[PDB]
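Novice: Only the shape, not the letters, is given here:
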RNA sequence: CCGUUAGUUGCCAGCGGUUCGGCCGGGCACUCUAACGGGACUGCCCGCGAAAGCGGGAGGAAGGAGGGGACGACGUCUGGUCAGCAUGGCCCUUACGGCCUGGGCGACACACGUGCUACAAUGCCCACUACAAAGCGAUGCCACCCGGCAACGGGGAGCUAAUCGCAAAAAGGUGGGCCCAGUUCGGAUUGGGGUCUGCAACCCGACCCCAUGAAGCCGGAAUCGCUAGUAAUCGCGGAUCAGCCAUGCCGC
């Protein structure tokens, strides 16, 4: 767990922030933007704002679901 | 006359992801191939005139 | 030959056998017919245990499929369905996970016309 | 069919070789 | 509401590629690009002596540039001043200067475009536009021609309600792809907006 | 045809029997063009002929033909405030073309699991007097004509 | 001692060349029904031989290829015939009838404003 | 031995070019090597004629390259000036190699 | 349809070398190919006819205006044309205008539109076999061998582009698997592997492979396309293009 990918790739755009900041711990949601990522390792258990198109909902990630193409962790429509 | 967007050339791809195609004549970034770099129209029409080198009408 | 889900292969080669089992058939019959080592030409009606046991055995730990296919399919689909992921999102309702577009055309999962 | 994707018809259409047609 | 372009009608027949040159892949485009910067700032500054056409030729790195008018005076300038700020300024758009090639024609009656810019501007000044095409045509073919077929479109020099008008003398088979003819249209200043004009003089052909 | 017949285009005989009937028929078997497999089944079937039945393919083709080719049938006329069902002499040209098709089709109907099998099956049965195709024929036939009184109306 | 006959049509080129010999045919390589695999197509490049008989006294060499099997086969046929032209340049009542005359002029013409099959305009619906 | 390519637009430019070069360099080279054409290459393009929505108003035309590969044998000095400075067309260009 | 010019493509119609792939030389006529003019003007023989011209026949590359292209005349429709460009006027402005971070125009109980693939054995499955075509490829098509269940990853050669990179054209051919079930069909959707343009690809991508494999066994009242190389069917490329939902459009 979570590696799999290594290092916890995040398309730099989200990787740079993920790293080092992972130092003083968290503070949560860092309103992510290029979810083109393939979330990974350390990304296990944190909060970031997933641009659902017009909003920055706050997402919290967990173990076995961390590393996967960022996008699909924040919905983007609204039917029924 | 869409002046405010004649930024297409400052390129600043700033992540290749943005610099975008276009028609040199009638702007229109819609259908703007290359060798011509025109809107199917600015294009085809000025061609029509013909002051657009050699290229000639089709037949067959 | 009685294997896992009693997927007995009739007048068909080995490959044509497994394909008759859970998550088997195309692509699956090839791998099975290769290991078990048998002429895909065989009609399947005399698979001597002496040879069936060989492929039948190794076809347990690393193969399932059978009363296990759901595992990697049920367990692997339980995670994404528990996290704010996306892979399971498309399934968070009844549309098409793979694609697709929604709104119009997608009864394949949604259900029947309404 | 062309959507069988995997085998024959499949790659025939995909325009893809691979596990069902060497690159020649 | 269709009918093909009076030049396309011409192509490999009567009249061809004003800007005469070649190039090929990865370059012809921009090549012509600068060409329009040309013809544009061109006709722009010198619509002055009522130019009439521009043939920018390229058989090599230079850019011919034989533009045509029938107004030589203000054209070359009292002595040759004009052709100076002109051909010089040239470099400004892509260097590779060119010999400022001045071509004047023989009679603005064979010159449909020109006559159009004409009766057009007239309508600017504000007056009997139907008369305008009637006679304009009249003479335009008259002083030798094989037909003057003219038309004017949009905002009939008046009426809140726009309209069309036309008239012709002789022959003008715009059809017969091979008709060798001269076609022109003029912009339409009048505060009506855009109310375009067109006229076609048949240039024999037999 | 806006006024002119617009002729019955002619086919170059068989590439296995130098025969017009052959060719037309194989086209009928045919599909997607596949002149190949078309003529193919044509043949394998012929194999049924020679094999399953001593008697020759020539004679069987011909007999089946004589059997399925129609004769007298009906269409109606909307001439007098009405359309009555009137019969007429089912012209040769057609008789052929369609008793032809017909056959091919009913053949399609047949059982077996192999096309040559079908062709055989029917063609033979037809030549004889036993089957879907030609039987359907008799049907169109006698069926047609019931509207006898109407016939005298002329088609 | 030599008679050339060219036959081509619809982008398939079958250049047939015959010379005193027997009954062999080099289809730019192999022989007749060798190249015309189970092809009832074989018989196509020999009718111009049936013309005035004998399919065993002449050596058959052909440069044929292009479009594909059939087209090229037939092309081959008309060609052989022309070879016949060369040989007996006084064969009307044989080379014309079951004879020949020009290519064919009938190749999948063109698609234009859509409808692909140059006729196949998109079908309607239900209004 | 010299190879050449005059790739042109006009179907008279390649003519004036190959003509002057093969006939004039016919008092110099090996008399030249016939302006071998080349399957004039074609590039087609179609576009909507009725501006905006009209999957039917279009039509098309094309741009292409006609090719003339003149060529002269026997690098016999003199040749270099029966073409290299005795040329006359305009719608192509002097491509020389060996 | 034919001769005219010419031959780095193509001939050998006649060899010689043959490394026998047309590899080398050689021959320009034949197939090739741009280019040139000639080729039914109802002109001639037979019908009919005051006439135009249709009808019969030979000649042949073919008429019956050769099959295929472009050409759509006068107006209709106040049709379409806000954001194609142009435009008269109108409104507008710390903003109905500018840039940026995300969403979104791909939200669904539903209806209709145009196409995809499908129920199969005159087929599917596998292996081996036999041939276009008009286009396309520079910082690009991408040679063979190395990593290769696979997507792809590398070395890496070519051209400089009728000779070099794209390309494996498929249905056709021969045997082989299956013998008619929801099947090897079908491949949804959810079963897996990877390839890749792109940062990033949740939403909002293409692909290979792993598991899963649903509906359907030609579809109501009804409604469509198409005079012959055409109908049908099978394929190749093309601009938009670092990836692309292209099953759409175009050309063959």
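Specialist: Alright, I've got the coordinates. Numbering: from 1, shown residues only, chains lettered A, B, ... in the order given.

Novice: quick one: the residue nearest the centre of chain C from residue C:55, how far?
Specialist: Closest to where the C-alpha atoms of chain C average out (C-alpha atoms, centre = their mean) is residue C:23, at 0.8 Å. Separation of residue C:23 from residue C:55 (C-beta to C-beta, to the nearest Å): 17 Å. For the C-beta atoms, the positions are set from N, CA and C on the backbone; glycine is no exception.

Novice: same question, residue B:29
Specialist: 60 Å.

Novice: which secondary structure element contains residue F:63?
Specialist: Residue F:63 belongs to helix F:57-68 when assigned by DSSP states H and E.

Novice: what about that helix, near chain G?
Specialist: No - against chain G, helix F:57-68 shows no contacts by C-beta under 8 Å from any C-beta of the partner chain, the least distance being 15.2 Å.

Novice: Give me the neighbour count for residue C:33.
Specialist: 22 (other C-beta atoms under 10 Å in any protein chain shown).

Novice: returning to that earlier point: more neighbours: which of residue B:29 and residue C:55?
Specialist: Using other C-beta under 10 Å as the criterion, residue B:29 and residue C:55 rank with residue C:55 on top: 22 against 13.

Novice: Provide the backbone phi and psi angles at that one.
Specialist: Here is the backbone geometry of residue C:55 (degrees, to the nearest 10): phi -70, psi -30.

Novice: I figured it was touching residue C:31, is that so?
Specialist: No - Residue C:55 is beyond contact range of residue C:31, at 10.4 Å (criterion: C-beta atoms under 8 Å).

Novice: What are the boundaries of the strands in the chain?
Specialist: Since you didn't name a chain, this refers to chain A. A:47-51, A:56-60 (DSSP state E).

Novice: right idea, wrong chain: chain E
Specialist: E:53-55, E:66-69, E:101-104, E:147-153, E:164-170, E:181-186, E:197-202.

Novice: closest one to chain C among those strands?
Specialist: For the strands of chain E, distance to chain C was read as C-beta to the nearest C-beta. The smallest value, 44.9 Å, belongs to strand E:147-153.

Novice: Report the inter-axis angle for that closest one versus strand E:197-202.
Specialist: Computed by axes from the mean of the first three to the mean of the last three C-alpha atoms, to 10 degrees, the angle separating strand E:147-153 from strand E:197-202 equals 170 degrees.

Novice: count of residues packed around the residue in chain E that chain G sits nearest to?
Specialist: The nearest approach of chain E to chain G comes at residue E:2, 14.1 Å away (C-beta to the nearest C-beta). The number of residues packed near residue E:2 is 6, by other C-beta under 10 Å.

Novice: and the strands of chain A, which is most packed in?
Specialist: Highest mean neighbour count among those (mean count of other C-beta atoms under 10 Å in any protein chain shown): strand A:47-51, with a mean of 20.

Novice: what does that strand rub up against?
Specialist: Strand A:47-51 is contacted from outside by A:14, A:26, A:28-33, A:35, A:56-61, A:70, A:73-74, C:84, using C-beta atoms under 8 Å, 6 or more residues apart in numbering or on different chains.
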